[PDB]
Amino acid sequence: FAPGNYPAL
Amino acid sequence: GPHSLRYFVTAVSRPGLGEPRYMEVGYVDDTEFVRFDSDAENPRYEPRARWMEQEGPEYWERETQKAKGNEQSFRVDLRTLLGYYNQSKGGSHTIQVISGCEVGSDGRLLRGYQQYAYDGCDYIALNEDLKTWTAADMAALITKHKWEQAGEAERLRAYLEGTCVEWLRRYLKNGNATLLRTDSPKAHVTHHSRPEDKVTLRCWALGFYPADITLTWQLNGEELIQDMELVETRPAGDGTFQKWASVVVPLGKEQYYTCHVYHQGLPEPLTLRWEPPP
Amino acid sequence: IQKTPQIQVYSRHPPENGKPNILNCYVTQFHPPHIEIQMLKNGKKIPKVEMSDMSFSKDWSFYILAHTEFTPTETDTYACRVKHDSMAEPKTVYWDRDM
């Protein structure tokens, strides 16, 4: 699970 | 036996030459096992270890979608950072991330990782408490205050303690055997001399896996740390590794020196000497 | 904040004249990731050189393995040449069959 959807810098 | 599941991600802007290059590499216990590379017409997450071929199309589809989602987000992040550092749009820049979990032999979380870098330097990292961030410069303070206000750390702590751990356990079930494999080193000593009163003894270790290994030279009882020449362990290109350690000794005194090879695939460390067959 | 590549040139198997082998050029510790790697035989570029996929390590620096097929002889010189923004000139490392 990579995963997706990290918050913007 | 502790274990880890980590993802190493790279986004490189290529102004004037196209869209950023985007790369995700996954590792179970430091062994590459999946990879996504944006440099293709239909880029897809791929297995990089045969034991991952057990996973069905749904798994691969979902991983591909997430990767593509991350790629877009990093494309935005690259632009944001140009602003934070007031840099030109004509330059190439790099964002890197290390993200994942290590668990003990009991299966419980020992450490969560979420580390970012910009142009090869620390930008921001989740602390070991999994609650606070360390920002490395003024630009990263903006990100930090943003993420604090929105409570990003606790959301991320959940993923690391839960989903990450769970997937790691799954991957270990399918790949444990493969991951525990060891190839022991074959060792030998070579002898070199130019026209002079000294010779070089080089102790070689070949065909070994994993990469972790130690080579020493001993004179009498003592180890010769200061005098040895060492090379970094290096891939043979076939999955196994190589290393050597060498020492300069007096002509005629070759048989006073002993090479020792320590590696986990050895029931007992190898000990050897220069041995001219003729 | 650029980092200078380190380079090792070496064979996959112990060399034996007239016996096919693989020559490796291992490049590590560099940043940014854009890099040009050539392999040379007696001063002339070897055309069919394959590259592994790139990776990076815990300190953020990148690494990659270049390689090519070759049959060593007593007198052929081989080398690896690397161009990278951290260096003014290209760096050339010669194969030493004892290393």
# chains A, B, ... in the order shown; residues from 1 in each chain; ligands from 1
>>> residues_around(residues="range 66-82 of chain C", least_positions_apart="4", cutoff="10 Å", atoms="only C-alpha atoms", output="ChimeraX atom specification")
/B:236-237 /C:5-12,15-27,35-53,87,89-97
>>> residues_around(residues="residue 77 in chain B", least_positions_apart="3", cutoff="7 Å", atoms="only C-alpha atoms", output="number ranges by chain")
A: 8-9; B: 73-74, 80-81
>>> select_by_dssp(residues="range 73-223 of chain B", states="strand (DSSP E)", output="VMD selection string")
chain B and resid 94 to 103 109 to 118 121 to 126 133 to 135 186 to 192 198 to 208 214 to 219 222 to 223
>>> write_last_selection(atoms="C-alpha atoms", output="PDB file, in the first residue's frame")
ATOM      1  CA  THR B  94      13.792  17.204  -7.008  1.00  0.00           C
ATOM      2  CA  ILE B  95      11.364  16.158  -4.293  1.00  0.00           C
ATOM      3  CA  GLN B  96      12.043  12.848  -2.512  1.00  0.00           C
ATOM      4  CA  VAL B  97       9.996  10.973   0.105  1.00  0.00           C
ATOM      5  CA  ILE B  98      10.667   8.025   2.416  1.00  0.00           C
ATOM      6  CA  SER B  99       7.435   6.643   3.901  1.00  0.00           C
ATOM      7  CA  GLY B 100       6.635   3.421   5.771  1.00  0.00           C
ATOM      8  CA  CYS B 101       6.758   1.241   8.852  1.00  0.00           C
ATOM      9  CA  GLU B 102       8.990  -1.169  10.698  1.00  0.00           C
ATOM     10  CA  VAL B 103       7.526  -3.728  13.089  1.00  0.00           C
ATOM     11  CA  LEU B 109       5.122  -0.988  15.195  1.00  0.00           C
ATOM     12  CA  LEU B 110       8.645   0.046  16.247  1.00  0.00           C
ATOM     13  CA  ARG B 111       9.030   3.102  13.938  1.00  0.00           C
ATOM     14  CA  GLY B 112       6.963   5.109  11.463  1.00  0.00           C
ATOM     15  CA  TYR B 113       8.783   6.985   8.661  1.00  0.00           C
ATOM     16  CA  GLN B 114       7.591  10.016   6.713  1.00  0.00           C
ATOM     17  CA  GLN B 115      10.563  12.072   5.497  1.00  0.00           C
ATOM     18  CA  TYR B 116      10.708  14.639   2.672  1.00  0.00           C
ATOM     19  CA  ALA B 117      13.695  16.176   0.892  1.00  0.00           C
ATOM     20  CA  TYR B 118      14.050  19.012  -1.607  1.00  0.00           C
ATOM     21  CA  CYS B 121      18.375  18.125   1.520  1.00  0.00           C
ATOM     22  CA  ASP B 122      16.024  17.452   4.437  1.00  0.00           C
ATOM     23  CA  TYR B 123      12.792  19.420   4.093  1.00  0.00           C
ATOM     24  CA  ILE B 124      10.425  17.999   6.751  1.00  0.00           C
ATOM     25  CA  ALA B 125      10.055  14.758   8.750  1.00  0.00           C
ATOM     26  CA  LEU B 126       7.539  13.178  11.106  1.00  0.00           C
ATOM     27  CA  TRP B 133       7.195  17.536  12.646  1.00  0.00           C
ATOM     28  CA  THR B 134      10.770  18.695  12.325  1.00  0.00           C
ATOM     29  CA  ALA B 135      11.190  21.410   9.639  1.00  0.00           C
ATOM     30  CA  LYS B 186      33.432 -17.591  -1.610  1.00  0.00           C
ATOM     31  CA  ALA B 187      36.698 -16.033  -0.476  1.00  0.00           C
ATOM     32  CA  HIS B 188      40.315 -16.072  -1.684  1.00  0.00           C
ATOM     33  CA  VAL B 189      43.501 -14.032  -1.326  1.00  0.00           C
ATOM     34  CA  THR B 190      45.425 -12.518  -4.259  1.00  0.00           C
ATOM     35  CA  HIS B 191      48.999 -11.260  -4.238  1.00  0.00           C
ATOM     36  CA  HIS B 192      50.404  -8.192  -6.022  1.00  0.00           C
ATOM     37  CA  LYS B 198      56.406  -4.598  -0.203  1.00  0.00           C
ATOM     38  CA  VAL B 199      53.452  -6.640  -1.454  1.00  0.00           C
ATOM     39  CA  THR B 200      49.686  -6.176  -1.426  1.00  0.00           C
ATOM     40  CA  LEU B 201      47.442  -8.958  -0.181  1.00  0.00           C
ATOM     41  CA  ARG B 202      43.837  -8.545  -1.313  1.00  0.00           C
ATOM     42  CA  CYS B 203      41.099 -10.534   0.406  1.00  0.00           C
ATOM     43  CA  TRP B 204      38.078 -11.121  -1.833  1.00  0.00           C
ATOM     44  CA  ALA B 205      34.497 -12.080  -1.059  1.00  0.00           C
ATOM     45  CA  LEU B 206      32.247 -13.017  -3.975  1.00  0.00           C
ATOM     46  CA  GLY B 207      28.744 -14.275  -4.763  1.00  0.00           C
ATOM     47  CA  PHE B 208      27.133 -13.360  -1.463  1.00  0.00           C
ATOM     48  CA  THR B 214      32.617  -7.575   7.212  1.00  0.00           C
ATOM     49  CA  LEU B 215      36.196  -8.229   6.102  1.00  0.00           C
ATOM     50  CA  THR B 216      39.209  -7.829   8.355  1.00  0.00           C
ATOM     51  CA  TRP B 217      42.927  -8.432   8.190  1.00  0.00           C
ATOM     52  CA  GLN B 218      44.726  -9.616  11.312  1.00  0.00           C
ATOM     53  CA  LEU B 219      48.412  -9.422  12.171  1.00  0.00           C
ATOM     54  CA  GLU B 222      45.168  -7.593  16.457  1.00  0.00           C
ATOM     55  CA  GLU B 223      42.910  -6.283  13.645  1.00  0.00           C
TER      56      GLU B 223
END
>>> interface_residues(of="chain C", to="chain B", cutoff="8 Å", atoms="only C-alpha atoms", output="list in words")
residues 1, 2, 11, 12, 13, 24, 26, 31, 32, 55, 56, 60, 61 and 65 of chain C
>>> select_by_dssp(residues="range 86-270 of chain B", states="alpha helix (DSSP H)", output="tab-separated table (two decimals) with C-alpha atoms, in the first residue's frame")
chain	number	residue	atom	x	y	z
B	138	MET	CA	12.04	28.49	6.67
B	139	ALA	CA	10.16	27.11	3.66
B	140	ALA	CA	9.37	23.87	5.49
B	141	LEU	CA	7.97	25.88	8.41
B	142	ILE	CA	5.11	26.93	6.10
B	143	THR	CA	4.28	23.29	5.37
B	144	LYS	CA	4.66	22.50	9.10
B	145	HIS	CA	2.21	25.14	10.34
B	146	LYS	CA	-0.24	24.10	7.61
B	147	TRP	CA	-0.07	20.41	8.55
B	148	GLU	CA	-0.32	21.14	12.30
B	149	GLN	CA	-3.50	23.20	11.88
B	152	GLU	CA	-2.19	15.76	9.37
B	153	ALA	CA	0.12	13.97	11.82
B	154	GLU	CA	-2.63	11.96	13.53
B	155	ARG	CA	-4.16	10.88	10.19
B	156	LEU	CA	-0.74	9.69	9.08
B	157	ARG	CA	-0.10	7.96	12.43
B	158	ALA	CA	-3.24	5.91	11.82
B	159	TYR	CA	-2.07	4.75	8.36
B	165	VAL	CA	1.61	-2.86	9.26
B	166	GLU	CA	-1.20	-4.97	7.81
B	167	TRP	CA	0.17	-4.88	4.29
B	168	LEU	CA	3.67	-5.66	5.60
B	169	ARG	CA	2.33	-8.80	7.31
B	170	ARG	CA	0.62	-9.82	4.09
B	171	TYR	CA	3.78	-9.28	2.00
B	172	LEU	CA	5.87	-11.27	4.50
B	173	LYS	CA	3.46	-14.23	4.25
B	174	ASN	CA	4.02	-14.42	0.50
B	175	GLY	CA	7.73	-13.49	0.42
B	176	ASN	CA	9.25	-14.52	3.78
B	177	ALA	CA	11.00	-17.60	2.39
B	178	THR	CA	12.53	-15.58	-0.48
B	179	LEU	CA	13.45	-12.76	1.90
>>> atom_distance(atom1="CA of residue 4 in chain B", atom2="CA of residue 34 in chain B")
14.2 Å
>>> atom_distance(atom1="CA of residue 233 in chain B", atom2="CA of residue 256 in chain B")
26.1 Å
>>> closest_residue(among="B:75, B:89, B:50, B:263", to="chain A", atoms="only C-alpha atoms")
B:75
>>> decode(residues="range 3-17 of chain C", atoms="C-alpha atoms", output="PDB file, in the first residue's frame")
ATOM      1  CA  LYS C   3      27.032  15.619  -4.402  1.00  0.00           C
ATOM      2  CA  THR C   4      29.963  14.148  -6.353  1.00  0.00           C
ATOM      3  CA  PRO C   5      29.549  10.658  -7.773  1.00  0.00           C
ATOM      4  CA  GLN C   6      31.753   7.843  -6.533  1.00  0.00           C
ATOM      5  CA  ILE C   7      32.594   5.256  -9.162  1.00  0.00           C
ATOM      6  CA  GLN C   8      33.809   1.657  -9.169  1.00  0.00           C
ATOM      7  CA  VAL C   9      34.723  -0.251 -12.340  1.00  0.00           C
ATOM      8  CA  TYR C  10      35.034  -4.025 -12.052  1.00  0.00           C
ATOM      9  CA  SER C  11      33.994  -7.340 -13.626  1.00  0.00           C
ATOM     10  CA  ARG C  12      31.133  -9.602 -12.573  1.00  0.00           C
ATOM     11  CA  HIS C  13      33.442 -12.631 -12.558  1.00  0.00           C
ATOM     12  CA  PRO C  14      37.197 -12.949 -12.041  1.00  0.00           C
ATOM     13  CA  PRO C  15      38.685 -12.013 -15.408  1.00  0.00           C
ATOM     14  CA  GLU C  16      40.209 -14.641 -17.688  1.00  0.00           C
ATOM     15  CA  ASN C  17      41.601 -13.640 -21.085  1.00  0.00           C
TER      16      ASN C  17
END
